[PDB]
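One chain comes next, on its own, written out as structure tokens in the form deposited in one PDB entry.
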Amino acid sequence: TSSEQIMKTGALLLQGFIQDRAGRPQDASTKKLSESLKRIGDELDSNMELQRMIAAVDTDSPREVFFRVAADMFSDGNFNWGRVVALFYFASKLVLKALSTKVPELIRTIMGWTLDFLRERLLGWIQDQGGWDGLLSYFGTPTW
């Protein structure tokens, strides 16, 4: 049904696309579509225009960066499947940049708190053990 069926398979294709990019039903017809998608997206990695066009853009930035770039990709009123896929590609690039920066920043912030507590509360005690080597002098378990 070329009315609603489009979006159900779009949401499905997109999610499968993103998920793949991040690693580096899904029935019969769907499988074969996903495959071509993967092929087109893989080809896009070598598309120097696309690559330039994304490069000219400061990521981990608001929806205003997305909707503007998405717009320039279709300024000329023309459409094709390569252009549609390149939209997905962009969305994936944005997800991947986010992960690449927001995730290590998450990890760093929490490492921050831990080491903060460790200094203000444990540094002293650890000194008395002879340092971190007291750790191998330990085969017990905490109880509270």
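Numbering starts at 1 and runs along the sequence shown. Residues that one form lacks are left out of the comparison. Take the two forms, find the largest set of C-alpha atoms that superpose within 1.5 Å, and that set is the rigid core.
FYI, the form deposited in another entry isn't displayed, but the following is about it.
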| query | finding |
| --- | --- |
| Residue 76: Cα shift of 2 Å or greater between this form and the one not shown (core-aligned) | no |
| Core-aligned C-alpha movement of residue 10 between this form and the one not shown, 2 Å or more | no |
| Rigid-core frame, C-alpha of residue 85, shift of 2 angstroms or more between this form and the one not shown | no |
| In that other deposited form, whether the C-alpha atoms of residue 96 and residue 56 sit closer or farther than here (change of 3 Å or more) | closer |
| Cα-Cα trend for residue 56 and residue 72, given that in that other deposited form the distance shifts by 3 Å or more | farther |
| Once both forms are overlaid on the core, stretches between this form and the one not shown of 3 or more residues with C-alpha shifts of 2 Å or more | 1 to 3, 39 to 57, 119 to 121, 126 to 140 |
